[PDB]
There are 2 protein chains.
Amino acid sequence: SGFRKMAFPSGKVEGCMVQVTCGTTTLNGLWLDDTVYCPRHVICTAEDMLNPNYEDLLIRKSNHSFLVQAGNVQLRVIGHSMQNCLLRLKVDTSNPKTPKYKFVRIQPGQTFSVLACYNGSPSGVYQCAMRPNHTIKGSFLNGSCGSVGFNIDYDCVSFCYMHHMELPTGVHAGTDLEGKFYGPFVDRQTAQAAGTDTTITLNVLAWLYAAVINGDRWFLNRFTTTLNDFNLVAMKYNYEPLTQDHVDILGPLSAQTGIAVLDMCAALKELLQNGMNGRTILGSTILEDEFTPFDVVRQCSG
Amino acid sequence: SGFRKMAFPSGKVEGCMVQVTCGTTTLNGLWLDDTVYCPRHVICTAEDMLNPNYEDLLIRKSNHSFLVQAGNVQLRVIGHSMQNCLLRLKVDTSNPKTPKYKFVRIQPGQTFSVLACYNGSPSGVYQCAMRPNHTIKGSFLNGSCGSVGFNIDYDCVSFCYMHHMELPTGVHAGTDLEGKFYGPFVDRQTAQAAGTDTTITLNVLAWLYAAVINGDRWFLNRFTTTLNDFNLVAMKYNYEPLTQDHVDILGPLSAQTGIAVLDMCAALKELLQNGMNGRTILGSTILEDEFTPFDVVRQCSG
Ligand SMILES: *[C@H](CC(=O)OCC)[C@H](C[C@@H]1CCNC1=O)NC(=O)[C@H](CC#C)n1cccc(NC(=O)c2cc(C)on2)c1=O
Ligand SMILES: *[C@H](CC(=O)OCC)[C@H](C[C@@H]1CCNC1=O)NC(=O)[C@H](CC#C)n1cccc(NC(=O)c2cc(C)on2)c1=O
């Protein structure tokens, strides 16, 4: 019945994306009740990037210094504070399109949809995963900062990402909605590097479980193996190692397909060794690891 | 700055997705002003699939025979007609969340976002392209029919797709919002086949133009070639042939990168002949053809 990388619907978040300008510099922010969250680097000038004192740069501002527009209509600011790497700006008006929501801090290999925005307007939406090295392989132009990542859960919106910046390799770094960065990164134009990235092993498996449910069984083999043998191979190929928790978590997809997590791992193990022979799994010629167990069922079961 | 497959934001459409039940059978429909469009096969029973008389099956129904719920609140039906392969159901109430909109009939290789829905609720959103053989490689479970495809253009929503059914290969068929199918397909459980599929040549190019703007130039070469030589190779590899219109259309990305459409085609030509040597373009190990010229700029320029 098909397997696509698919995002959550964006409407609920769309109604929360306001424009924040401070002096000249203009980026997106998130409007939940009478707060507007945006990156603190909104207060920076082109120079205040190599080495900026935020606490200081900010002590040189007031509520009226910041301009917040919903589509075209300004919100009057009445409070402005620093929340780690964000600004928490109080506003005269509380958002009428504010959904049920929570702020969460996703673990690496966990996924979220990004809503890419410019001057407060949403430009598009795509799925991605939080890398082990604590990065994102997003698509983000200049003015994209403030753009958010989120998981929906019925009518509840869980915010997990706000975009701050791009790193050397061409990869993206940002923070939770508590303004606390992901990985060891800082809001400055210094030379910072993402660590070496591993492959999210659990996700790769879930993706085979999905290939199977989608009638794609070629790479299946008879061989089994122990978590122990498999972990030795995983290290070679820079795969994140498998914890029994992970195998328990694949239980539902395991039972659902009548393939034992460890039988599947044996199939993977082989693929890591025996290439793919220019075949395709679900149409991919590489091992997709941006799909959680949860992603897989949700799509393949309701 | 990154290149992702990204959908348009779904909010505008989200507010248009109602549940339509007729007897037992329950699928999604689209609520624009006081009309509800849904597939006509809503009126079918499990048996009325191999060979159903719709005009007849429908002549055996009235306005109250159909149940339309917005989230949970019923819309009173006051008119029910057949619009080719859709139903046009009139309702007591006009939709308060109806956007500016038009109904268009995209050409093959043109793309749209799909909003996958179940019992009137949106489940997720993904980009795809209308294949040359007039199919879609979507992800669609049972109850997904009624789900729509669309292009946004500032605040205007252009509807181009409604989902009717799956075909042998694992591919998806449906219609425009005039109820007129795409390709030679019919709303019946007969054996219908998609033609052989070609590769959307223009899109493959735009995707290299994007790889280039995203600092990915390895596959570039010195060789040029004429539209004529390139078309001969295209046929071999089941690529859709290049019309000068197509090359004119790549003009903006051409100028934008200082690579001449025909210089780029020469690079492609080579790739079709000289594999990829297990390299990646924009991280893909195959030639991506689900990206229009227009898709490419929009993402890489605002
Ligand atoms: C924020 C955009 C925004 O809205 O703010 C301006 C109004 C951007 C997002 C970037 C632009 C390109 N791609 C992105 O993801 N972030 C920045 O530009 C940050 C600002 C902060 C903090 N920033 C500032 C200065 C330099 C850099 N870049 C690098 O450090 C860097 C080094 C290498 C190599 O590649 N990038 C940066 O992200
Ligand atoms: C519509 C789902 C819906 O909401 O209607 C039921 C309430 C589905 C969408 C399908 C389900 C699985 N994947 C999809 O994209 N469409 C149908 O099930 C249609 C109905 C019509 C018209 N339909 C009916 C009967 C058979 C088939 N399938 C095939 O013809 C077929 C043959 C092979 C091989 O694979 N599929 C069908 O789509």
Side-chain angles (χ1 to χ4, degrees), chain A residues 1-2 19-29 38-50 52 54 85 116-119 136 138-147 162-175 181 185-194 215, chain B residues 1-2 19-29 38-50 52 54 85 116-119 136 138-147 162-175 181 185-194 215:
Chain A
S1 295
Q19 188 175 217
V20 186
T21 298
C22 184
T24 73
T25 74
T26 302
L27 50 69
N28 316 277
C38 78
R40 76 184 169 174
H41 73 259
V42 69
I43 71 173
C44 289
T45 79
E47 325 101 55
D48 302 300
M49 301 269 75
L50 133 93
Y54 284 117
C85 280
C117 294
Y118 303 97
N119 303 106
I136 301 310
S139 157
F140 287 142
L141 294 188
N142 306 75
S144 79
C145 291
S147 288
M162 177 155 265
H163 188 42
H164 291 254
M165 38 184 276
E166 186 150 354
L167 263 34
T169 137
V171 300
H172 294 105
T175 74
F181 251 96
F185 305 103
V186 290
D187 20 21
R188 58 179 34 236
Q189 186 167 356
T190 59
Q192 328 174 43
Chain B
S1 295
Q19 188 175 217
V20 186
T21 298
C22 184
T24 73
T25 74
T26 302
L27 50 69
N28 316 277
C38 78
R40 76 184 169 174
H41 73 259
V42 69
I43 71 173
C44 289
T45 79
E47 325 101 55
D48 302 300
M49 301 269 75
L50 133 93
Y54 284 117
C85 280
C117 294
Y118 303 97
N119 303 106
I136 301 310
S139 157
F140 287 142
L141 294 188
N142 306 75
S144 79
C145 291
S147 288
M162 177 155 265
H163 188 42
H164 291 254
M165 38 184 276
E166 186 150 354
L167 263 34
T169 137
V171 300
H172 294 105
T175 74
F181 251 96
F185 305 103
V186 290
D187 20 21
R188 58 179 34 236
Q189 186 167 356
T190 59
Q192 328 174 43

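Numbered from 1 within each chain, the chains take letters A, B, ... in sequence-line order. In listed order, ligands and their atoms are each counted from 1.
Contacts of B:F185 classified as ring pair (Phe, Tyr, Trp, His ring centres under 6.0 Å), with partners at least two apart in sequence or in another chain: none. Residues satisfying the side chain to side chain donor-acceptor pair (under 3.5 Å) criterion with B:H41, sequence neighbours excluded, are absent altogether. Take A:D187 and apply the side chain to side chain donor-acceptor pair (under 3.5 Å) test, not counting sequence neighbours, and it matches A:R40.
With hydrogens and angles ignored, the 3.5 Å screen pairs no side-chain donor or acceptor of B:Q19 with any backbone N or O of B:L27. With hydrogens and angles disregarded, a donor-acceptor distance shorter than 3.5 Å links the side chain of B:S147 to the backbone of B:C117.
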Report every pair formed by an N or O atom of ligand 2 and a protein N or O atom separated by less than 3.5 Å, giving atom names and the distance to 0.1 Å.
{"unit_1": "ligand 2", "atom_1": "4 (O)", "unit_2": "B:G143", "atom_2": "N", "d": "3.4"}
{"unit_1": "ligand 2", "atom_1": "4 (O)", "unit_2": "B:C145", "atom_2": "N", "d": "3.3"}
{"unit_1": "ligand 2", "atom_1": "13 (N)", "unit_2": "B:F140", "atom_2": "O", "d": "3.1"}
{"unit_1": "ligand 2", "atom_1": "13 (N)", "unit_2": "B:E166", "atom_2": "OE1", "d": "2.9"}
{"unit_1": "ligand 2", "atom_1": "15 (O)", "unit_2": "B:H163", "atom_2": "NE2", "d": "2.6"}
{"unit_1": "ligand 2", "atom_1": "16 (N)", "unit_2": "B:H164", "atom_2": "O", "d": "2.8"}
{"unit_1": "ligand 2", "atom_1": "36 (N)", "unit_2": "B:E166", "atom_2": "O", "d": "3.3"}
{"unit_1": "ligand 2", "atom_1": "38 (O)", "unit_2": "B:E166", "atom_2": "N", "d": "3.4"}

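Inter-residue side-chain proximity for B:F140 and B:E166 is flagged as unmet; no heavy-atom pair is nearer than 4.5 Å.
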